[PDB]
There are 2 protein chains.
Amino acid sequence: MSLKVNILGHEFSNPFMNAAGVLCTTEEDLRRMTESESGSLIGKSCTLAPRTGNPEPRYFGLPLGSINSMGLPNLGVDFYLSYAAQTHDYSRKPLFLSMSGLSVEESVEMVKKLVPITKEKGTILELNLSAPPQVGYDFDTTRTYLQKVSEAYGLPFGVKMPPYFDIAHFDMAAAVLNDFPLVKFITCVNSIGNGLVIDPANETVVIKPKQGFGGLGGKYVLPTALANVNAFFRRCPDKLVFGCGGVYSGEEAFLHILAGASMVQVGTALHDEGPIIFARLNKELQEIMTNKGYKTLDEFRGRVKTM
Amino acid sequence: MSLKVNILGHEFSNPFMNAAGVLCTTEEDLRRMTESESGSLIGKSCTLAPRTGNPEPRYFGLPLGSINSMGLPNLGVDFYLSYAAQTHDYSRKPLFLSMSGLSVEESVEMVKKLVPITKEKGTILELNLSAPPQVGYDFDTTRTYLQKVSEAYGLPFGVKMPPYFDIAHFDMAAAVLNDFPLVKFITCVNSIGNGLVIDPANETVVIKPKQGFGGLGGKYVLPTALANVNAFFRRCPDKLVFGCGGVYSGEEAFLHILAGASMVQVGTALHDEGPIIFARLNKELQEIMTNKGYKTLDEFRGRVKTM
Ligand SMILES: Cc1cc2nc3c(=O)[nH]c(=O)nc-3n(C[C@H](O)[C@H](O)[C@H](O)COP(=O)(O)O)c2cc1C
Ligand SMILES: Cc1cc2nc3c(=O)[nH]c(=O)nc-3n(C[C@H](O)[C@H](O)[C@H](O)COP(=O)(O)O)c2cc1C
Ligand SMILES: O=C(O)c1cc(=O)[nH]c(=O)[nH]1
Ligand SMILES: O=C(O)c1cc(=O)[nH]c(=O)[nH]1
């Protein structure tokens, strides 16, 4: 069977990639992702200038997933642009970059710098609209960001969206996104935002920033992610959907693809296991496809049955 | 040692009650709740006329909790009002009624009928603003509901709120809530809405309504529930917060109370175990308290520690 995905002119060996934020902040991280069995990789959501991020502790591994308030620690746009122009081996896998300016102006200035590298190297942009006020939760601000970034970048790009939990919100988000033809992929989803974990032994929160409030990832998010994937697969047929959330196995990948996902992103589980996970995910998805008699992902993508 | 709670002019033997929707639709359900070791009970979110709800399957138990699209099945407001006025034994425990009119006008008519019974029996109102755009996700609609209900009911009442996932949303919700002094309790939280569960074997969704989309309950929602409880505990200090989400043990109950919860509601776990859980929860909470040297709930309520 084939795990290949053919999108934006590129051939991906498999649908699997890292979720933005995990094993993607430094050059060592990026080499490790490139040397992995992953089909692609994405860089840490970057800012115009370097950020060191939030105070410690800011990450807590849970039995059911993860909580985090990292604070967008990143080496700055110039670092990721340089990796994309001079360091990355595009013969290994295609490269994506996440940009998370804390204002539309910052995002425009960054996006402008990427244009020449995309043209020469094929580096794909994922605009983050779900950085912990979340842009995805204001449909007016979202339109402004897509307007301004579409004009500045002038090239195909995608968007990391916050999870929606309302059918009307799926509709309202789809209506904005469908007014922007340069948005070719929608990544669903970012962390379930602003959760609180408390340790019963010390009666204390487990992360220092934001009084313990942090984004939830892992097993807590699979149902939410699958829903967002399917809702945007159906409402945005002129676009691709990338799945992110709750993937620990080939089974969860299969479910993401069945819901409509082209690429599948792994976060918490990759934070837990390391890049060796990509080799397990390829093997498990292959086994599932072999058992169901699917020869390509295209035979079942978005083909989830309803009653 | 005491698990007692003095709120809303009442004494509650303990903080535990059922979550609206679970063991509260029929009189048999309400008798079993009154006969339980629970401190209170709440009736099913009712509509002006009776409803049979959605087609089957409409509920699916999961390893990590529940997915549901019940469709607000209820025997009509007249039935719940009759239970509150004639059947319910107030010497056993205080009674709550959940009202979920699908319009402002419907809710107004329903709450107007409650006024005389609240005056005579003490029946307490929880207004559902989180029934499957969900009212709580539209702050202008929410203000209207609150304005009209305050006008028509004219007595202290409570609100069932949807889970929020954004700091600005917490602030915006509280701002609306803090303009209505008749709102004395905020129940956080209703289901994490519009999730999607797919069975990998049959490639099919597990609930029939809404193409498989339903509200999530159980272990999936605890960190979200704790966050909303604490956020409204801090932002709405002239009000009480009720905790709802992910309670399967005394541990989860302790955590909710530490975050600010006066009453703790139990849904998915009650569906799984039956009304006996109230006896286990009472015992497990006392155990934790004995092990921590606590005699009353007031010694730890809202005393979650930050760093
Ligand atoms: C430590 C950490 C850092 C993250 N950083 C980013 C980030 O920079 N940009 C982003 O768009 N998402 C970021 N995320 C969110 C993940 O990409 C992903 O959307 C979320 O964790 C859900 O996927 P999972 O269930 O596989 O973890 C981060 C998550 C974690 C745990
Ligand atoms: C079968 C079922 C029916 C529910 N019906 C209602 C309802 O009528 N009104 C309501 O406000 N919440 C309703 N809920 C939500 C619960 O009250 C609760 O907010 C949610 O299940 C999260 O708590 P849990 O983690 O204990 O399940 C329902 C939940 C379930 C599982
Ligand atoms: O860097 C972070 O804090 C971060 C960014 C983002 O978009 N999502 C997340 O969960 N964390
Ligand atoms: O009856 C239902 O469908 C229902 C109502 C509500 O408020 N919440 C929920 O999860 N289900």
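The chains referred to below are lettered A, B, ... by the order of the sequence lines, with proteins before strands, and numbering in each begins at 1. Counting starts at 1 for both ligands and their atoms, following the listed order.
- Remark: minimum distance from atom 11 (N) of ligand 3 to any protein heavy atom is reached at A:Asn68 OD1, 3.3 Å.
- Residue B:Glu273 qualifies as enclosed at atom CD: its count of foreign heavy atoms under 6.0 Å is above 12.
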Please tabulate protein-ligand N/O pairs under 3.5 Å for ligand 1, atom names and distances to 0.1 Å.
{"residue": "ligand 1", "atom": "5 (N)", "partner": "A:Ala20", "partner atom": "O", "Å": "3.4"}
{"residue": "ligand 1", "atom": "5 (N)", "partner": "A:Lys44", "partner atom": "NZ", "Å": "3.3"}
{"residue": "ligand 1", "atom": "8 (O)", "partner": "A:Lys44", "partner atom": "NZ", "Å": "2.9"}
{"residue": "ligand 1", "atom": "8 (O)", "partner": "A:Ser45", "partner atom": "OG", "Å": "3.4"}
{"residue": "ligand 1", "atom": "9 (N)", "partner": "A:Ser45", "partner atom": "OG", "Å": "2.7"}
{"residue": "ligand 1", "atom": "11 (O)", "partner": "A:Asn128", "partner atom": "ND2", "Å": "3.2"}
{"residue": "ligand 1", "atom": "11 (O)", "partner": "A:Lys160", "partner atom": "NZ", "Å": "3.0"}
{"residue": "ligand 1", "atom": "11 (O)", "partner": "A:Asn190", "partner atom": "ND2", "Å": "3.2"}
{"residue": "ligand 1", "atom": "12 (N)", "partner": "A:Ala20", "partner atom": "O", "Å": "3.2"}
{"residue": "ligand 1", "atom": "12 (N)", "partner": "A:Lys160", "partner atom": "NZ", "Å": "3.1"}
{"residue": "ligand 1", "atom": "12 (N)", "partner": "A:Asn190", "partner atom": "ND2", "Å": "3.4"}
{"residue": "ligand 1", "atom": "14 (N)", "partner": "A:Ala20", "partner atom": "O", "Å": "3.1"}
{"residue": "ligand 1", "atom": "17 (O)", "partner": "A:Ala20", "partner atom": "O", "Å": "2.8"}
{"residue": "ligand 1", "atom": "17 (O)", "partner": "A:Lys160", "partner atom": "NZ", "Å": "3.0"}
{"residue": "ligand 1", "atom": "19 (O)", "partner": "A:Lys160", "partner atom": "NZ", "Å": "3.1"}
{"residue": "ligand 1", "atom": "19 (O)", "partner": "A:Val189", "partner atom": "O", "Å": "2.9"}
{"residue": "ligand 1", "atom": "25 (O)", "partner": "A:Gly218", "partner atom": "N", "Å": "2.7"}
{"residue": "ligand 1", "atom": "25 (O)", "partner": "A:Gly246", "partner atom": "N", "Å": "2.9"}
{"residue": "ligand 1", "atom": "26 (O)", "partner": "A:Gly267", "partner atom": "N", "Å": "3.0"}
{"residue": "ligand 1", "atom": "27 (O)", "partner": "A:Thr268", "partner atom": "N", "Å": "2.9"}
{"residue": "ligand 1", "atom": "27 (O)", "partner": "A:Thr268", "partner atom": "OG1", "Å": "2.5"}

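- Of all protein heavy atoms, the one closest to atom 1 (O) of ligand 3 is A:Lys44 NZ, 2.6 Å.
- Close approach of ligand 4 to B:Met70 is summarised as follows: ligand atoms under 4.0 Å from at least one heavy atom of the residue are 1 (O), 2 (C), 3 (O).
- Of all non-hydrogen atoms in A:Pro275 and A:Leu23, the two that sit nearest each other are CD-CD2, 3.7 Å.
- Judged by distance alone, with hydrogens and angles left aside, the side-chain atoms of A:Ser45 form no donor-acceptor pair with the main-chain N or O of A:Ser98 at under 3.5 Å.
- Closest non-hydrogen pair, A:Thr47 versus A:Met110, comes out as C-CE, 3.5 Å.
- Listed by first then second residue, pairs satisfying salt bridge (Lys or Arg N to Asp or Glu O under 4.0 Å) with a partner in residues 40-61 of chain A read A:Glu56-A:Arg58, not counting sequence neighbours.
- Nearest heavy atom pair, residue A:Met161 against residue A:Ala173, reads CE-CB, 4.5 Å.
- Remark: the B:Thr268 side chain and the B:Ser66 side chain contain an N/O donor-acceptor pair separated by less than 3.5 Å.
- Taking a 6.0 Å sphere around CD of B:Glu106, one finds it holds more than 12 heavy atoms contributed by other residues, nucleotides or ligands.
- Numbered from 1 in the order shown, with element, the atoms of ligand 4 that lie under 4.0 Å from a heavy atom of B:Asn190 read 6 (C), 7 (O), 8 (N), 9 (C), 10 (O).
- Residue-ligand proximity, B:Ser191 to ligand 4, at heavy-atom distances under 4.0 Å covers atoms 9 (C), 10 (O).
- When B:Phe96, B:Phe185, B:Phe157 are each tested for a side-chain contact (heavy atoms from CB on, under 4.5 Å) with B:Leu125, only one passes: B:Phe157.
- Side-chain atoms of B:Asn54 and B:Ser69 include no donor-acceptor pair closer than 3.5 Å.
- Near B:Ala131, with a cut-off below 4.0 Å to any heavy atom, the atoms of ligand 4 are 7 (O).
- Taking 4.0 Å as the cut-off, A:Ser130 counts as a neighbour of ligand 3 on heavy-atom distance.
- Between A:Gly215 and ligand 3, a contact under 3.5 Å exists for no N or O pair.
- Neither the backbone nor the side chain of B:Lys160 comes within 4.0 Å of ligand 4, counting heavy atoms alone.
- Within the 4.0 Å heavy-atom criterion, the part of A:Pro132 lying near ligand 3 is the side chain and not the backbone.
- When all heavy atoms are compared, the tightest approach of B:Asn194 to B:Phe213 is O-CD2, 3.8 Å.
- When the heavy-atom distances from atom 2 (C) of ligand 4 to B:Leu72, B:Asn128, B:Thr47 are ranked, the shortest goes to B:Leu72.
- Contacts between A:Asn54 and ligand 3, counted as non-hydrogen atom pairs separated by less than 4.0 Å, are absent for every part of the residue.
- The shell of residues lying under 4.0 angstrom from ligand 3, judged by heavy atoms, includes A:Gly71.
- Ring-plane geometry between B:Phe232 and B:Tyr164 is classed as tilted, the angle between the planes lying from 30 to 60 degrees on a 0 to 90 degree scale.
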